[PDB]
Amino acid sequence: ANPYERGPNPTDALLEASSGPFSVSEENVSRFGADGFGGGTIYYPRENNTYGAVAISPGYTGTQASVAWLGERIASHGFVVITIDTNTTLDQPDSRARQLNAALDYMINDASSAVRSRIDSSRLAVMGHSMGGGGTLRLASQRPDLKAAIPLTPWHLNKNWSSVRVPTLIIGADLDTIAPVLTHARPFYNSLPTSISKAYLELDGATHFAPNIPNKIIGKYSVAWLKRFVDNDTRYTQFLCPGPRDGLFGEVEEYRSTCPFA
């Protein structure tokens, strides 16, 4: 009885695959054409329906090519996704938060009818790598209307994210030297309220740049999080609770959550 469910019933193998079950088309946004951000690429499922919309920001000196694989993969599970370039490659996290917001507004208002016709504008999510993940936290902390937030190896000088009320999955990299989990990802997760839906997934043997190439674990749990909270799709709770295995032979260095989720 959930009107937001899309696609067949999930399995571990389906979420680890390099494509979800939807064929995908693309629409480009030029730098000049984009107000408030540096342009981007919108990926959308071809199959006629409305879907949640996601904006993804790269990090410092990063371009949309650094998150492109992940944007396309998420879209192939039934989402409209824009991977953005930023106004300049040196923009700081709080600027990237404004550009994430601009990108969502662009998809809803100024993209073509192929895109707008496929977006449920009431179901929006944000993601970002590094300073883009910092921008994800900042925007989520200002925007309780957002349905989900996924900071990937996030970087931010502010360590206190107690005002976030959005369901938030933080992915860290254990060997991160650029945004060390000791002083970024872990304090961020610890400052999120315990009353919200949240999770911390620390990749094993991973550098800061693990999100920038195809990664089955990042893909699987990013999609499961978006399905669970953008679509309210309880078929995906099984992957999040109790979640990935936490050690020898396991998927991840560590996993924490507020399971069970409301």
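Start at 1 with the first residue shown and count on from there.
Chemist: Check the entry's C-alpha temperature factors for 79 to 87 and 140 to 148, then say which stretch has the higher mean.
Modeler: Looking at the record's C-alpha B-factors, the answer is 140 to 148.
Chemist: Compare the mean C-alpha B-factor of 109 to 117 with that of 126 to 134 as given in the PDB entry, and name the stretch with the higher value.
Modeler: Higher mean C-alpha B-factor in the PDB entry: 109 to 117.
Chemist: Could you tell me which one of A68, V29, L201, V54 shows the highest CA temperature factor in the PDB record?
Modeler: Result of the comparison over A68, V29, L201, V54: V29.
Chemist: So if I compare the CA B-factors in the entry for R96, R73, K159, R186, which one is the largest?
Modeler: Within the set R96, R73, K159, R186, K159 shows the top C-alpha B-factor.
Chemist: Sorting by Cα B-factor within the chain, modelled residues only, which third would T41 end up in: lowest, middle or highest?
Modeler: Its C-alpha B-factor belongs to the lowest third of this chain's values.
Chemist: Would you please rank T168 by its C-alpha temperature factor against the other modelled residues of its chain and give the third it falls in: lowest, middle or highest?
Modeler: Lowest third of the chain for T168's C-alpha B-factor.
Chemist: Pull the Cα B-factor of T207 out of the PDB entry and bin it into the chain's lowest, middle or highest third.
Modeler: CA B-factor rank for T207: middle third.
Chemist: Using the B-factor values recorded in the entry, state whether the Cα atom of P193 falls in the lowest, middle or highest third among the modelled residues of its chain.
Modeler: Its C-alpha B-factor belongs to the highest third of this chain's values.
Chemist: Thinking about Cα B factors across the chain, which third does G59 belong to?
Modeler: Lowest third of the chain for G59's C-alpha B-factor.
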